[PDB]
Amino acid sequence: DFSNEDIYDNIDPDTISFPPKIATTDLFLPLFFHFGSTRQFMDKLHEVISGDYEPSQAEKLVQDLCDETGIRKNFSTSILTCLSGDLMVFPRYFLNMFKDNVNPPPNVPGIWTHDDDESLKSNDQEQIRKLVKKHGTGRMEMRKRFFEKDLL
């Protein structure tokens, strides 16, 4: 139940001036910029991702993230891919992206970067140790299965 990763989820949205500098028109649609605060966006995001989605319904999710939260479809798709499809890490992605002013957030558990994927395929003991310290064994095994199945 408890996890020390909760620090990445509990970032105070009121400390993030809206819209954040990193949130550009190449990533977000006009609807996004009509939210009144970071908290309002995050609360709508929570409502979307709390919906009923079967494992095969990434397209419906991406459409709802476009229509309700103003996230562009190609960006939602890229995020979903780097989260290994774990919808529970979507809020974490935006809070850390916005707080850090960096996309993707480079040092967040559950958010796989290009460097992380290269470490995974490297066969290097040290790189794998750092990688599992970041994401954990369970996520590392899921990521390997994604690569094995030609999903990445």
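Residue numbers here begin at 1 and follow the sequence given.
When the mean C-alpha temperature factors of 81-89 and 47-55 are read from the deposited coordinates, 47-55 comes out higher. Per-stretch averaging of Cα B factors for 102-110 and 57-65 places 57-65 on top. Looking at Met42, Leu120, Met97, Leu31, the one whose CA carries the top B-factor in the deposited record is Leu120.
When the C-alpha B factors of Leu131, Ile16, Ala23, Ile11 are read from the deposited coordinates, the top value falls at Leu131.
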